[PDB]
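In: what's the 3D shape of this:
(7 chains, ligands or ions: 4)
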Amino acid sequence: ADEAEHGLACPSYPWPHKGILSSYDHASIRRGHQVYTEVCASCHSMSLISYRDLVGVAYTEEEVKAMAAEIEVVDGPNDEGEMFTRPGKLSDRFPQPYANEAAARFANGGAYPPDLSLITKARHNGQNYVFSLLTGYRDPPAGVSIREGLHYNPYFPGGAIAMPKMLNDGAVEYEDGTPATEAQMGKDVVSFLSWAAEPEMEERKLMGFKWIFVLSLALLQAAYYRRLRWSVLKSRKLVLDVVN
Amino acid sequence: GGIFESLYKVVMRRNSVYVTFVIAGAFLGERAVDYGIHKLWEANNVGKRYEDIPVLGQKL
Amino acid sequence: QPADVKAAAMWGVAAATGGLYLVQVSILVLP
Amino acid sequence: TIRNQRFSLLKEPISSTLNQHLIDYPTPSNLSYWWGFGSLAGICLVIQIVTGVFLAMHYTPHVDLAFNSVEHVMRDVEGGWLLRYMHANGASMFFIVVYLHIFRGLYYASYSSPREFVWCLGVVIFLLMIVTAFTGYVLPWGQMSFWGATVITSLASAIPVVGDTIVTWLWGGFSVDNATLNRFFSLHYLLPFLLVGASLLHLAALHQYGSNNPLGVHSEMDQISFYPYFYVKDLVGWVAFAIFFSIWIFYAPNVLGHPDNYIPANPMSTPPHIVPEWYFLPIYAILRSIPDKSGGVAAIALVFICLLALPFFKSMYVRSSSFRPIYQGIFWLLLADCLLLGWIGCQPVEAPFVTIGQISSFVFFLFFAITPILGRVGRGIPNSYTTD
Amino acid sequence: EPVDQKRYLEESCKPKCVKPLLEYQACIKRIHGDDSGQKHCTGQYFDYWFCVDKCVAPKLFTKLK
Amino acid sequence: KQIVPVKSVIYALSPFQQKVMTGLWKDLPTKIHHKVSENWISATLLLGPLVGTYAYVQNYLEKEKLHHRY
Amino acid sequence: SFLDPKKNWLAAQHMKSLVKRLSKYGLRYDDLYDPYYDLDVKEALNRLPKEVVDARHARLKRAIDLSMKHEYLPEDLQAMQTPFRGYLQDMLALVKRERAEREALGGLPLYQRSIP
Ligand SMILES: CCCCCCCCCCCCCCCCCC(=O)OC[C@H](COP(=O)(O)OCCN)OC(=O)CCCCCCCCCCCCCCCCC
Ligand code: HEC
Ligand code: HEM
Ligand code: HEM
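Out: Numbers count the residues shown, from 1 in each chain, chains lettered A, B, ... in the order given. Ligands and ions are numbered 1, 2, ... in the order given. This is the structure:
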């Protein structure tokens, strides 16, 4: 049973952003964000990703402004003292499907759909885990009976998860002309979530490559400097008047 | 040998000139390394950058 | 004294170059 | 030499102390690259202090804003991700180089006379480092931070007479809550400066008696000044450490971390695997291995008792382990046992890890319980191998 | 589109993990025969699916666009 | 903290009259011979316990997994 | 017990290894006794003849120089080395015996270690 408690390990997929000089597939990011805002935004919330984060990554500023203007947001008290509602702006954050955690639990039968902002860093082996969990909605083995209201997922720690399979084949219509298969949606959503959890990957990797190279050159020079300074001592001949 | 001695007599007779040379070389080397790493980045991951998605401006 | 003046001017040039490299006001420099 | 007029600005009183104790302090001319780690722990401390100050310009010690403030540093602040990764991986680097420092001391028996005070101040520095790193790790207010703080501070109620009273006083209430977070933040800010003071006293004692050397022999015959001969050596060390640190910042920034810390703390739910950072793991492993948790706290105290009692052992005139084959093998066994015990800490408390940790702790204490015997027996070597 | 790359490749690499599947089927036989208390053998299931997933992982992204 | 003079005679050479980085890779095979010959006991003592414990743990884990796997 | 290399194979191997190491660095076993360590070794060295102490300092300087240069004594002098030919143990024993007597009946320590 300890095997079931731990959960089935997830493999190592060759992600397009995995390497030392590979970047996010921004088309995949855009598609994954579309999938999130269409199917996943009904239950899970990001609440750490502002709309302004999308410009220059997946969308243009006009597109982001239109998308923000699509939704409504409550605003601070007006001159009359009432809490009114206005269309969203570029600087607002992603909306929350539920007012509070207790509301989310009541809606979802006691299960709290976790915030997806850092889901690829919160879970061990986050990217592979999320992709496998989304796509690995298989049939339970012989003898195991999941309590009613739950769905079996081998990669979920415990065996049974509260969400059903949401990445149903043919659930979204991509705006670019990509067939929406379950694996396609899984890869796109994981790319989007991994960007949302680490928007600094490209700049971070560029800085790392440059500074590793430059500091290796510095290390070579420092070794030469040390060998030059110590060359006087390490090649001296001293006569000591003693033998044994 | 001759080239190193020639550049030595050019730029290593006053420490102020040497400091100016060090700063200028640091700046130029930094910019050159930036350019080279950026070219390697472009060569490696082609078809993924922001200004490459086919539908970048059609969400209106 | 003339040699001291030349050395001081060269050191001022070096310090100005260092400050310019640190701040990078290439955008600011209109004239 | 009458100082009627100025010769050297280094020898003027304004720069005389620095001249002596940095530029002109004589050191043995055969020191290896294992002393650069002592030179490098100070650099790690400075990096931690600077990055911590610039982080504290952005962190909010409240219980409803700590996690969001850390994410604010991650995302909104320009270069903030660099600051946070530098602080975290720099705590890791600080502990790595300090462990290398300690183990070189153990190998070359630097704790032996006359550097008992150096070793004891080092042990006090180790206490300060551990407390600082822990109370700082509680700051981001993740699941691991909250529950590690709960477990470790609650395991201070093992003291017989007071116990619950000290725990309640430390928590500022009845559970790890906002008061404990604010208190931990203030203490985390303060303690590194005491750590700087302790490092300065450490260096003052060492400079009182001078540094050891690989042979372990008296070395006032062949000595050279610190600058420039060891400055360049330490420079090579610093640049290599910079390459290591840059790898650990820009390519594997979370490998040394634990993913459950990226979940906002939830006192009504417990993570399945509550474990401290990798550099508290051996201590945690000893504590868990000894049952009867009061006994575990007693064992943790006994570890520091042994560390402080190391320099006050028997004769053992030969100190360097290059001339001590038995002590050399014992040291390698100790290092292997410490690495294994650190591995055990991350493992669950199920079988066979309980037995593996119970044997490992016994070996760890046997190391300290065997060295005086080695010294006593080896006190009579020359009379036995003499060629008369 | 009714096609699915992941399921397709799982079916494709099904014959490359015959031994764990055989063991799992034998265990299904045993569990059906017993059918007494609460016995189950998720272990064979885990081994078989883990090996299959280890197989499918690279080809899936190679064939995914 | 005094100096102890020894009555030596020391000949030294300018650092600019002698090559610097060649001695690193000069006589390399004998260097590797020394590094391996005088230290294999130490490497055995450092790594042997670790690999042995890992092998024991994996054996025990697999045996328990088979036994408990029904 | 008293285990010597004549009556113990393990002691024979231990002595062989120590001889090999000391011969490599060309310094006697007594040279490893630090005067700063005990302060009884300091007195014993203060009582020894100047020729002997100067030879000790020369051997130690040679060993430290070899350690810095990352090399060993050439095989000629390595075969000419005589470790375990002691020069200090008798004097150290005399000093410790005198200190023990003085401590045993009345007496103040003739020398003491500073703190620290
Ligand atoms: C961790 C939990 C807390 C409780 C810990 C309790 C202690 C556990 C370990 C006990 C170890 C032994 C303690 C007793 C001291 C040593 C006894 C001894 O032998 O001292 C003698 C020695 C040499 O003196 P000698 O020359 O023999 O005297 C002449 C007399 N005829 O004397 C010397 O060489 C003098 C040495 C001077 C330095 C001593 C340092 C002791 C440790 C201090 C740590 C704190 C330092 C202060 C800063 C931090 C404060 C918090
Ligand atoms: C977009 C397709 C979605 C992604 C990606 C994820 N979900 Fe869900 N989800 C829902 C509930 C009620 C839960 C809680 C179950 C539990 O904690 O047992 C979850 C959980 C997750 C998790 C957590 C996995 C883990 O804890 O290891 C992940 C990574 C996740 N979900 C991703 C509910 C819903 C839901 C309402 C019906 C929708 C539309 C989604 N989830 C969509 C996504
Ligand atoms: C005065 C100096 C210091 C200040 C002002 C400081 C301040 C802070 C602040 C504000 C945080 C929370 C921000 C964050 O979590 O990234 C933090 C975290 C931390 N600090 Fe410090 N710190 C200082 C020195 C140190 C030192 C010396 C150590 C190591 C011994 C240390 C270890 C840590 C650790 C481990 C964390 C947790 C990092 C994490 O997991 O996010 N700090 N510190
Ligand atoms: C804040 C962390 C520490 C710093 C900054 C530090 C700093 C230093 C410095 C600068 C030296 C002199 C250079 C050298 O010998 O390597 C030194 C030596 C020494 N340190 Fe530390 N140290 C630290 C932690 C420790 C610890 C934890 C111990 C052990 C408990 C310790 C024990 C020693 C010993 C024994 C020496 C003497 C080295 C010799 O044999 O010559 N140090 N330390």
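In: need the helices for chain C, in chain order.
Out: C:2-23 (DSSP state H).
In: Give me the most central residue, it.
Out: residue C:16 (2.3 Å; CA atoms, centre = their mean).
In: give the contact list for residue A:47.
Out: Applying CB atoms under 8 Å, 6 or more residues apart in numbering or on different chains to residue A:47 gives the contacts A:93-94, A:96, A:115, A:117. No exception for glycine: its C-beta is placed from N, CA and C like everyone else's.
In: Can you give me the separation between residue G:3 and chain D?
Out: 7 Å (CB to the nearest CB, to the nearest Å).
In: What about the closest residue to that residue other than its chain neighbours, how many residues nearby?
Out: Nearest residue to residue G:3 in three dimensions, chain neighbours excluded: residue G:11, at 5.0 Å (CB to CB, 6 or more residues apart in numbering or on different chains). Neighbour count for residue G:11, taken as other CB atoms under 10 Å in any protein chain shown: 17.
In: Surely residue G:11 is in a helix?
Out: Yes: assigned with DSSP: H, G, I helix; E, B strand; the rest coil, residue G:11 falls within a helix.
In: Check which helix or strand the nearest residue to residue D:21 once chain neighbours are set aside maps to.
Out: Nearest residue to residue D:21 in three dimensions, chain neighbours excluded: residue D:207, at 6.0 Å (CB to CB, 6+ apart). Per DSSP states H and E, residue D:207 falls inside helix D:178-209.
In: Counting by contacts, list what that helix packs against.
Out: Contacts defined by 3 or more CB pairs under 8 Å, 6 or more residues apart in numbering or on different chains; DSSP states H and E place helix D:178-209 against helix D:36-56, helix D:116-137, helix D:143-154, helix D:164-171.
In: In a markdown table, list those helices along with distance to chain F and mean neighbour count.
Out: Shown next, in a markdown table, are the helices and strands packed on helix D:178-209 (distance: least, CB to the nearest CB, whole Å; neighbours: other CB atoms under 10 Å in any protein chain shown):
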| stretch | distance to chain F | mean neighbour count |
| --- | --- | --- |
| helix D:36-56 | 18 | 19 |
| helix D:116-137 | 15 | 20 |
| helix D:143-154 | 25 | 21 |
| helix D:164-171 | 36 | 14 |
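In: Run through the residues that contact the residue in chain C that ligand 2 sits nearest to.
Out: Residue of chain C nearest ligand 2, by CB to the nearest ligand atom: residue C:24 (42.8 Å). Contacts for residue C:24 (CB under 8 Å, 6+ apart) come out as none.
In: Any figure for the gap between the residue lying closest to residue A:59 once chain neighbours are set aside and residue A:195?
Out: Leaving out its chain neighbours, the residue that sits closest to residue A:59 by CB to CB, 6+ apart is residue B:59, at 6.3 Å. Distance, residue B:59 to residue A:195, using CB to CB, to the nearest Å: 18 Å.
In: what number of residues lie near the closest residue to chain A within chain D?
Out: Nearest to chain A in chain D, going by CB to the nearest CB, is residue D:250, at a distance of 2.6 Å. When neighbours are defined as other CB under 10 Å, residue D:250 has 22 of them.
In: residues contacting it?
Out: A:204-205, A:207-209, A:211-212.
In: Repeat the analysis, applying 6 Å as the threshold.
Out: By CB atoms under 6 Å, 6 or more residues apart in numbering or on different chains, residue D:250 lies in contact with A:204, A:207-208.
In: Next: residue A:69.
Out: Residue A:69 touches residue A:87, counting by CB under 6 Å, 6+ apart.
In: For the helix or strand encompassing it, list the C-alpha coordinates in CSV.
Out: Assigned by DSSP H and E, residue A:69 belongs to helix A:61-70. The C-alpha atoms that make up helix A:61-70 are tabulated as CSV, following Å, rounded to 0.1, in the frame of the first residue of the first chain:
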residue,chain,number,x,y,z
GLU,A,61,-0.6,45.0,-25.3
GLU,A,62,-3.8,45.7,-27.3
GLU,A,63,-4.8,42.0,-26.9
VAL,A,64,-4.1,42.1,-23.1
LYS,A,65,-6.0,45.3,-22.7
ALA,A,66,-9.0,43.8,-24.5
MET,A,67,-8.8,40.7,-22.5
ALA,A,68,-8.7,42.6,-19.2
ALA,A,69,-11.6,44.8,-20.3
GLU,A,70,-13.5,41.6,-20.9
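In: hmm, back to that, for the next helix or strand after the helix holding residue D:207, which residues meet the burial criterion?
Out: Remark: after helix D:178-209, the chain's next helix or strand is strand D:223-225, criterion DSSP H and E. If you call a residue buried by 16 or more other CB atoms under 10 Å in any protein chain shown, then strand D:223-225 has these buried ones: D:223-224.
In: Around the residue of chain E found nearest ligand 2, how many other residues sit close by?
Out: Ranked by CB to the nearest ligand atom, the top residue of chain E for proximity to ligand 2 is residue E:6, at 15.3 Å. By the measure other CB under 10 Å, the count of residues near residue E:6 is 22.
In: likewise the one 3 residues further on?
Out: Residue E:9 sits with 21 neighbouring residues when counted by other CB under 10 Å.
In: I'd guessed it sits against residue E:58; true?
Out: No: checked against CB atoms under 6 Å, the pair residue E:9 and residue E:58 is beyond contact range at 9.9 Å.
In: what residue lies at the spatial centre of chain B?
Out: residue B:32 (1.5 Å).
In: List the residues that contact that residue.
Out: By CB under 6 Å, 6+ apart, residue B:32 has no neighbours at all.
In: secondary structure class for it?
Out: For residue B:32, the assignment made with three-state DSSP gives helix.
In: For residue B:4, see how far away it is.
Out: Residue B:32 is 21 Å from residue B:4, by CB to CB.
In: list the helices and strands whichever strand or helix holds residue G:15 packs on?
Out: If you go by DSSP H and E, residue G:15 is part of helix G:9-25. Helix G:9-25 is packed against no helix or strand, with contacts defined by 3 or more CB pairs under 6 Å, 6 or more residues apart in numbering or on different chains; DSSP states H and E.
In: quick check, the helix or strand that that helix is followed by touching chain F?
Out: Later in the chain than helix G:9-25, the nearest helix or strand by DSSP H and E is helix G:35-38. No: Helix G:35-38 does not reach chain F (CB under 6 Å from any CB of the partner chain); its nearest approach is 9.6 Å.
In: Show me what from the stretch 101-250 of chain D comes close to chain G.
Out: Residues of the stretch 101-250 of chain D lying near chain G (CB under 6 Å from any CB): D:113-114, D:117, D:214-215, D:217-219, D:221-222.
In: Just the buried residues of the helix holding residue D:207, please?
Out: Quick answer for helix D:178-209 (16+ other CB under 10 Å): D:180-181, D:183-185, D:188-189, D:191-192, D:195, D:198-199, D:202, D:205-207, D:209.
In: try stretch D:331-346
Out: Buried residues in stretch D:331-346, counted by 16+ other CB under 10 Å: D:331-345.
In: how far does stretch B:47-58 stretch from start to finish?
Out: 19 Å (CA to CA, to the nearest Å).
In: now the helices for chain B?
Out: Going by DSSP H, chain B shows helices at B:2-11, B:15-44.
In: Identify the residue spatially nearest to whichever residue of chain F sits closest to ligand 2, adjacent ones excluded.
Out: Proximity of chain F to ligand 2 (CB to the nearest ligand atom) peaks at residue F:65, 23.1 Å away. For residue F:65, ignoring the flanking residues on the chain, the nearest one in space by CB to CB, 6+ apart is residue E:43 at 7.1 Å.
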